[PDB]
Structure formats: structure tokens, C-alpha cells
């Protein structure tokens, strides 16, 4: 069979494929990280320090 | 609703501007400020009474 071949085991063409693929991955990481979570919105809205005052009398 | 039927009617009209609904927003800032007001008025009455006592 064709895919049963030692030439296709260390094929430099697929290595170029992998190289270009992961270089492009590296180039686009800062866009994959650009998703917003709404957890600090929750922290801002719900974190309420104690607003009661001290009154000895 | 009709005899032997139920249906869902949807209008067909362009929405030129958004539809507003008054959903009041809960916030503690007004009550914070009103508490500050009340405590300050307490202290002000206290100072006035103490001045009246010390001077009269």
C-alpha cells in the first residue's frame, strides 16, 4: 500500500507542514487569549466592604 | 387562540430605535450616603446640645 512507506515516515514535506502550522500558532496566540471572562465584573459588583460605623453610645 | 387552534403571531416591522424597559438598578451608594447623612446629623445635634450646655 502507498501509505506503507519508509519515505513517508520522515517526510520533510509534513515537517514543513508542522513547522508552518505551529509558527502560525505562535503568531496567533495573543489573539486566542483575547476572550473575556465576566468574573471581575462579579467581584466589583458583589464585593461589599462593611459600611456600618462604630458608635460607642 | 381559536376554536380548535392555537397560534403564535409575530409582527413584521423594522425596529428603528431600541425598546426601553425600566429595570431599576439596585445600588448601595445612595443608602451609604444617607447613612453618612444620618450619622452626621446625630453628631451635629450632639455638638449643638453640648455647646448649649457648655455656654447656655
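With r defined as the distance between the Cβ atoms of residue B:38 and residue A:41 and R0 fixed at 30 Å, what FRET efficiency is calculated, to the nearest 0.05? Efficiency at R0 = 30 Å is approximately 0.45.
Over 12 Å apart: what share of the alpha carbon pairs of chain A falls there, rounded to a whole percent?
Numbers: 1284 of 1596 pairs.
Considering chain A, 80 percent of its Cα-Cα pairs are separated by more than 12 Å.
Pairwise Cα distances in the protein assembly as shown exceed 19 Å in 81 percent of cases.
Compactness of chain B is given as radius of gyration and Dmax, 29.2, 89 Å, from Cα positions.
Between helix B:29-55 and chain B there is an angle of about 20 degrees, using the helix long axis and the longest principal axis of the Cα atoms.
Neighbour counts are summed over all protein chains in view; Cβ atoms, including those assigned to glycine, are modelled from backbone coordinates with ideal geometry. Values quoted throughout were computed directly from the atomic coordinates according to the rules given, and no laboratory measurement underlies them.
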